[PDB]
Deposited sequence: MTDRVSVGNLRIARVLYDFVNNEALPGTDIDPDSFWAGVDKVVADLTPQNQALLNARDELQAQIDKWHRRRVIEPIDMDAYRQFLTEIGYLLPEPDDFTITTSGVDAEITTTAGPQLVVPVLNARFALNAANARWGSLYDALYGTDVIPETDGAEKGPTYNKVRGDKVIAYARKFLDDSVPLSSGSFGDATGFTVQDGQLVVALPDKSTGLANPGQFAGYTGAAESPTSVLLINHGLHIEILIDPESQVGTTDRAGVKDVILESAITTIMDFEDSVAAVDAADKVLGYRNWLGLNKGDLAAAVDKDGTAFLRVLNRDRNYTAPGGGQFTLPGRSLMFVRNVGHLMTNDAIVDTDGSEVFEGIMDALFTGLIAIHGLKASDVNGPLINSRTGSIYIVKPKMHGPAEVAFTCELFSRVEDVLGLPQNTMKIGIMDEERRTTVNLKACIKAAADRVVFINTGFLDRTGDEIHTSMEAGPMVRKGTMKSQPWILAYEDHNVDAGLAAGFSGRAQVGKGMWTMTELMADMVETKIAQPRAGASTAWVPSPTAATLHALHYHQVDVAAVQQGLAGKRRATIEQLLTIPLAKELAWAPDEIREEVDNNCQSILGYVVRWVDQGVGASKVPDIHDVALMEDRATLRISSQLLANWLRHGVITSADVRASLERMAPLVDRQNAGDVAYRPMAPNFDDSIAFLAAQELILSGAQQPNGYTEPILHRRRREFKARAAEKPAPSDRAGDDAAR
């Protein structure tokens, strides 16, 4: 064996070395006592962890039988509801309360705007993310399909000025909508000056100020001839870079080189569904990146420093130039062999994540010879089921704080709302974290995986595409905003919404995603720094703080709508529609699995069945597999169907990775591909996985590949 014995634990050496040599130095935490903390916290909390997982299995078991004992269709929702209360699945709502969480940064309590999520195992992507707090609107507009390439404005090897002018025009118009001049348009501006503390803008036959001078917030250079001008609207910053000597500024009517938008206000470094990390070596690669981010010395190429400005009244000030970080730890399910037992039992990965990522974050609270200036650590806990599992997270963070010698309530929690048992008890869930909570958040994929698994025995479900528009999910989206607002989230915590997955479809993002801030969402997920810039446009257009005031007190969702199961209408599909959906789901699984098992990639630009590039995480494996498994259970399709579909889609996936040197085809040797067998196992063993979770099968298969590669 290759482990370091500490109490009842056998720590993997790679881990042991990393914590001692890299992580602990600077934290003034005694390496001896730290490892004692670990062995003690693990031993003390592991049974509670295991009891929760057991309880998930008990409830599901009762719901399984219940559905199998229904003669009368359609489902009596009154009985169904009372059964859930009986078995303690549906708990009574607590009285109104207001969260009490202190020491939270302004990016979270106050500022509405984009929030970026990125695989922590990718230093470059993670580097770009932390620096994505500020980004160029011009590069984003020119680089993407927001500005059409319709004849004249196509992207070429060389810079296209027809295109550049439309980019300019777009930004000129954005200025008009966001920070309006009393008279005239930014489009005709010829210069910018600052006299007596007010911003004057040069116009052809006049000059004006802002309609609200308040929106002027600073500048750089000399007041007579500024190198930039800093505007604020809706708490978000806009910078107009003025440089008549630049290529763009030369042919610009006011000498403007660019417009810079405060984009990714916060960022989530992810240890969960966007990364593949199945052993001790994978975990330390992850932890090491998190360390470099927190010490501030990650480099491939560095982390930006803050920005300097002159106050409107000729003073001096500063704005942060990094995107405030969260970290997402893994949920309650998995164990990982980075630490094993004396009998060989793996130690729970969630517990490990709280200890290590929390240890590491201490560096981010002190001068990089920097992060939460108010003294907090931000962890996003995924895949929780119900308030009891939330209280368990508190106690974990409590103990870890003691081990690390941190003040209590230092380790804040963002509660993901992505499991059905959490949704319908959301108010209780927040109350259980009332003094630590900084964040709620909804999303399609995981929540829909759980929806389908929980009602597996009820009957055939609707196609994946139909789920977005089903009653349960609309109620869920609204119910989350309400429970957040009612618990006092406005001004105190983020209410968030899900990811835009179509990375090349930015015009479409720019028209569609605006509904999220309009839905009252203080923040929402974007897959890149570019998209974070474009999504920033939405918070300039929507006054989220006002939308939230207006929603306050409304109960827009009822428990009946939440509990409305997405059953399919009897004989709803034509045989070709069934085939299209099977082929679609098998392609989604195959497309994501092959990269996961063969290459340890947890998120990437995966072409779908129609060659649209989706940037999904592992949750897309849960929904897709649970759905085919559902359809299997109820005889919507056969096993001959599933196999035939997988065998057709694998060559297709193969070609979609034609440009990848490292790629191993799955065709034609299907049963010899670990990736192919994994895709197949997820589907055929799907009904039996706890809550449809894909980690057990996936992790095992990636570890199987690692071993064949070890030869």
Going by C-alpha coordinates, which parts of the deposited sequence are missing from this model?
1, 302-311, 381-385, 728-741
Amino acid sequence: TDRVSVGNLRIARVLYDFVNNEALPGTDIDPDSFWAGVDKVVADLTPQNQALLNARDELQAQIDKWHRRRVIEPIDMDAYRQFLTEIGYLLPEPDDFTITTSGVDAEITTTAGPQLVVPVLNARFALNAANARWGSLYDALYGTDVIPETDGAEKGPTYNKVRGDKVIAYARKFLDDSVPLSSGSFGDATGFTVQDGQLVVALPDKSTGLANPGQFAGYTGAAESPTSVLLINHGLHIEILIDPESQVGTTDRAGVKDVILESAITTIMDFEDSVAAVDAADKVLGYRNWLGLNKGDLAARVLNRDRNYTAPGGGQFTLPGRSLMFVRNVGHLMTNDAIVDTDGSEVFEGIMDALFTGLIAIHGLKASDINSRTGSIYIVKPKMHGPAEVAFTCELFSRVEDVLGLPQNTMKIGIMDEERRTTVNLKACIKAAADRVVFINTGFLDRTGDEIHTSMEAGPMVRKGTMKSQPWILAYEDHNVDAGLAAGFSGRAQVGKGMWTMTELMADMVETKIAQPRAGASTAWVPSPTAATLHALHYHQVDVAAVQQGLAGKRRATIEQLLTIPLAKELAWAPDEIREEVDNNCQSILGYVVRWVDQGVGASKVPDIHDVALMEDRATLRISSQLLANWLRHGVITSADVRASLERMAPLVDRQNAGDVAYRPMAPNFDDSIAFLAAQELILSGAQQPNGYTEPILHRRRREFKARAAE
From here on, numbers count along this sequence of modelled residues.
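Rigid core (definition): largest C-alpha set, two forms, superposition within 1.5 Å.
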Once the rigid core is lined up, would you tell me whether 198-206 or 266-274 has the higher RMS CA deviation in 6 other deposited structures of this protein?
198-206
Returned stretch for higher CA RMS in 6 other deposited structures of this protein, core superposition, given 132-140 and 244-252, is 244-252
Entries skipping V653: at least a third of other ones:
no
Tell me whether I75 is absent from the model in at least one third of the other entries compared, counting only those where the residues either side are present.
yes
Could you settle it for me: does 501-509 or 162-170 have the higher average Cα B factor in the PDB entry?
162-170
Mean C-alpha B-factor higher for 117-125, or for 517-525?
117-125
Listed options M77, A264, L285, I415: highest C-alpha B factor recorded at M77
The largest CA temperature factor among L291, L621, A434, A640 is found at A640
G156 - Cα temperature factor, lowest/middle/highest third of chain
highest
Sorting the chain's modelled residues by C-alpha B-factor, tell me whether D145 ends up in the lowest, middle or highest third.
middle
Taking the C-alpha B-factors as the PDB entry records them, is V6 in the lowest, middle or highest third of its chain?
lowest
Which third of the chain does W631 land in by C-alpha B-factor: lowest, middle or highest?
middle
Entry-reported Cα temperature factor of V38, expressed as the chain third it lands in
middle
